[PDB]
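Presented below is the structure to which this report refers.
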Amino acid sequence: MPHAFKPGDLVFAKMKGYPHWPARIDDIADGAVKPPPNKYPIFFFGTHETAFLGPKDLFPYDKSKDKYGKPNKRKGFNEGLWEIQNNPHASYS
């Protein structure tokens, strides 16, 4: 059975106006800004941007990649695809 989302989890994350996007639940580093309650900091592969998102927007990677892991015109997306597949846990600082 599924647990709650934990930092390190790979997802497609859905933002308004963007397609399901390859991402990861990040850790909060010491002294860095904390997300609102019931939000997770999401690092988006390719764009390397952070938003805060609840679970309704978070699609587990393993299960969703057949639907969503296909290339896309969008800036950063294909880079995004490569990162999540090939090195999802690197520092892209």
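We name chains A, B, ... following the order of the structure tokens; residues begin at 1 in each chain, and ligands are numbered from 1 as shown.
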
**Message:** I need the residues of chain A that end up classed as alpha helix (DSSP H) by DSSP on the backbone, written out as a ChimeraX atom specification.
**Reply:** /A:61-68,77-86

Can you write out the residues you just picked, keeping N, CA, C and O atoms, as a compact mmCIF listing (two decimals), in the first residue's frame?
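Below is the file again_12.txt, written as the result:
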```txt
# COMPACT_ATOMS: atom_id res chain seq x y z
N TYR A 61 5.62 8.57 -10.29
CA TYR A 61 6.33 8.49 -11.55
C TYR A 61 6.17 7.10 -12.15
O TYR A 61 5.90 6.98 -13.35
N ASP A 62 6.32 6.06 -11.32
CA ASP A 62 6.46 4.72 -11.86
C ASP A 62 5.21 4.45 -12.70
O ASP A 62 5.32 4.04 -13.84
N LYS A 63 4.05 4.80 -12.13
CA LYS A 63 2.71 4.48 -12.59
C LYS A 63 2.24 5.42 -13.69
O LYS A 63 1.30 5.09 -14.42
N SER A 64 2.86 6.61 -13.78
CA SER A 64 2.30 7.64 -14.63
C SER A 64 3.15 7.90 -15.88
O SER A 64 2.74 8.67 -16.74
N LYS A 65 4.32 7.27 -15.96
CA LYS A 65 5.29 7.59 -16.99
C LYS A 65 4.84 7.17 -18.38
O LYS A 65 5.25 7.82 -19.35
N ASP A 66 4.03 6.11 -18.49
CA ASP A 66 3.49 5.69 -19.77
C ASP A 66 2.56 6.77 -20.34
O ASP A 66 2.55 7.01 -21.54
N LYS A 67 1.83 7.45 -19.45
CA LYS A 67 0.92 8.50 -19.86
C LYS A 67 1.65 9.81 -20.16
O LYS A 67 1.23 10.56 -21.04
N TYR A 68 2.72 10.10 -19.40
CA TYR A 68 3.18 11.48 -19.27
C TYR A 68 4.64 11.62 -19.69
O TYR A 68 5.08 12.72 -19.97
N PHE A 77 11.41 20.62 -20.81
CA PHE A 77 10.66 19.41 -20.54
C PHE A 77 11.47 18.17 -20.90
O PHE A 77 11.45 17.17 -20.17
N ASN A 78 12.14 18.22 -22.06
CA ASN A 78 12.81 17.01 -22.51
C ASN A 78 14.08 16.76 -21.68
O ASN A 78 14.44 15.61 -21.39
N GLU A 79 14.71 17.87 -21.27
CA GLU A 79 15.79 17.81 -20.31
C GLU A 79 15.25 17.15 -19.05
O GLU A 79 15.89 16.26 -18.47
N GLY A 80 14.07 17.64 -18.64
CA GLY A 80 13.34 17.15 -17.48
C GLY A 80 13.19 15.64 -17.55
O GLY A 80 13.45 14.96 -16.56
N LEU A 81 12.82 15.13 -18.73
CA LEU A 81 12.54 13.71 -18.92
C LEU A 81 13.80 12.90 -18.67
O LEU A 81 13.74 11.82 -18.06
N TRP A 82 14.91 13.38 -19.23
CA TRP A 82 16.22 12.75 -19.11
C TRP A 82 16.65 12.73 -17.65
O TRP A 82 17.13 11.71 -17.16
N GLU A 83 16.45 13.85 -16.93
CA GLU A 83 16.91 13.90 -15.55
C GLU A 83 16.17 12.87 -14.69
O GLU A 83 16.76 12.18 -13.85
N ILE A 84 14.86 12.76 -14.87
CA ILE A 84 14.08 11.95 -13.96
C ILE A 84 14.42 10.48 -14.22
O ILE A 84 14.34 9.65 -13.31
N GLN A 85 14.84 10.16 -15.45
CA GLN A 85 15.08 8.79 -15.87
C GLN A 85 16.49 8.38 -15.50
O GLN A 85 16.71 7.26 -15.05
N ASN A 86 17.43 9.32 -15.61
CA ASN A 86 18.86 9.04 -15.62
C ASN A 86 19.54 9.54 -14.35
O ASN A 86 20.58 8.99 -13.99
```

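Taking only C-alpha atoms into account, residue 57 in chain A lies nearest to A:20 out of the set A:72, A:20, A:88, A:9.
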
- request: Would you please give, as a PyMOL selection string, all residues of chain A that DSSP assigns to strand (DSSP E) based on the backbone?
  value: chain A and resi 10-13+21-25+40-44+49-53+58-60

Long-range neighbours of residue 40 in chain A as a list in words, 10 Å cut-off, only C-alpha atoms, 5 positions minimum in chain: residues 5, 6, 7, 24, 25, 26, 27, 28, 34, 35, 50, 51, 52, 53, 54, 55 and 58 of chain A

Please produce a file of those selected residues containing N, CA and C atoms, as a short mmCIF file (atom, residue, chain, number, x, y, z; two decimals), in the first residue's frame.
```cif
data_model
loop_
_atom_site.label_atom_id
_atom_site.label_comp_id
_atom_site.auth_asym_id
_atom_site.auth_seq_id
_atom_site.Cartn_x
_atom_site.Cartn_y
_atom_site.Cartn_z
N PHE A 5 3.65 11.04 0.77
CA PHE A 5 4.79 11.51 -0.02
C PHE A 5 5.96 11.88 0.91
N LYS A 6 7.17 11.44 0.53
CA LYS A 6 8.37 11.77 1.27
C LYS A 6 9.44 12.34 0.33
N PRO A 7 10.38 13.16 0.83
CA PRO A 7 11.39 13.79 -0.02
C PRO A 7 12.11 12.65 -0.72
N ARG A 24 10.28 15.94 -8.47
CA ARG A 24 10.68 15.19 -7.30
C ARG A 24 10.20 16.01 -6.09
N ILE A 25 9.92 15.31 -4.97
CA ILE A 25 9.69 15.97 -3.70
C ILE A 25 11.07 16.33 -3.17
N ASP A 26 11.31 17.61 -2.93
CA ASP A 26 12.62 17.97 -2.39
C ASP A 26 12.62 17.89 -0.88
N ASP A 27 13.83 17.88 -0.30
CA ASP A 27 14.00 18.20 1.11
C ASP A 27 14.00 19.71 1.27
N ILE A 28 13.61 20.16 2.46
CA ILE A 28 13.91 21.52 2.86
C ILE A 28 15.28 21.51 3.53
N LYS A 34 10.16 27.15 4.29
CA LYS A 34 9.27 26.00 4.42
C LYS A 34 8.00 26.20 3.59
N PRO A 35 7.45 25.14 2.97
CA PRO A 35 6.22 25.28 2.20
C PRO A 35 5.07 25.48 3.18
N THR A 50 11.16 25.61 -8.41
CA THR A 50 10.39 25.08 -7.29
C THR A 50 9.01 25.74 -7.19
N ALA A 51 7.96 24.93 -7.09
CA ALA A 51 6.69 25.39 -6.55
C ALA A 51 6.30 24.53 -5.36
N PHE A 52 5.28 24.99 -4.64
CA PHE A 52 4.63 24.25 -3.57
C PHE A 52 3.31 23.70 -4.09
N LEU A 53 3.08 22.39 -3.89
CA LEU A 53 1.92 21.68 -4.41
C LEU A 53 1.44 20.65 -3.38
N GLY A 54 0.12 20.51 -3.27
CA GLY A 54 -0.49 19.42 -2.52
C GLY A 54 -0.55 18.14 -3.37
N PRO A 55 -0.84 16.98 -2.73
CA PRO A 55 -1.00 15.70 -3.43
C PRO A 55 -1.93 15.57 -4.64
N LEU A 58 0.07 15.71 -7.65
CA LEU A 58 1.29 14.90 -7.61
C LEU A 58 0.98 13.48 -8.08
#
```
